[PDB]
Amino acid sequence: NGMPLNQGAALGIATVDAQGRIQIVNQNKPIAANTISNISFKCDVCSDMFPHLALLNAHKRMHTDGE
Ligand SMILES: [Zn+2]
C-alpha cells in the first residue's frame, strides 16, 4: 500500500556514490495491475466505455451473464 516516492524513477541510474542515503528495499516489483496507467475500459458489445471498472463491468452484466 501507499505511493512510491515521487521526483524519481524505478529504472535508471542514481546519483548515490560510495556514501549517500539508503534507497527503498525492493524484492520484486509485480507488473500488470489496476493502477490506471492511461488505460480505458471499453465495451466491445455496444462500444460502452467508462472511467470506472465497476461501470463497465456492471454494464457488461446486461450484455452477458446468465443467458
Ligand atoms: Zn456495452
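Heads up, residue numbers simply count up from 1 along the chain you see.
Backbone N, Cα and C atoms are what each Cβ position is placed from, and that goes for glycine too.
According to Swiss-Prot, the features are:
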- 41-63: zinc finger (ZN_FING)
- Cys43, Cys46, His59, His63: Zn(2+) binding site (BINDING)
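This view paints the features noted in Swiss-Prot onto the structure.
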residue : record              : Cβ neighbours (10 Å)
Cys43   : Zn(2+) binding site : 16
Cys46   : Zn(2+) binding site : 10
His59   : Zn(2+) binding site : 17
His63   : Zn(2+) binding site : 12
*DSSP-assigned states of the zinc finger (41-63) in counts, ordered helix, strand, coil*: 11 helix, 6 strand, 6 coil
*asked:* For the Zn(2+) site (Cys43, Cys46, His59, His63), what does the 8 A shell look like? I mean other same-chain residues with CB within 8 A of the CB centroid.
replied: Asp44, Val45, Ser47, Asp48, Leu56, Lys60, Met62
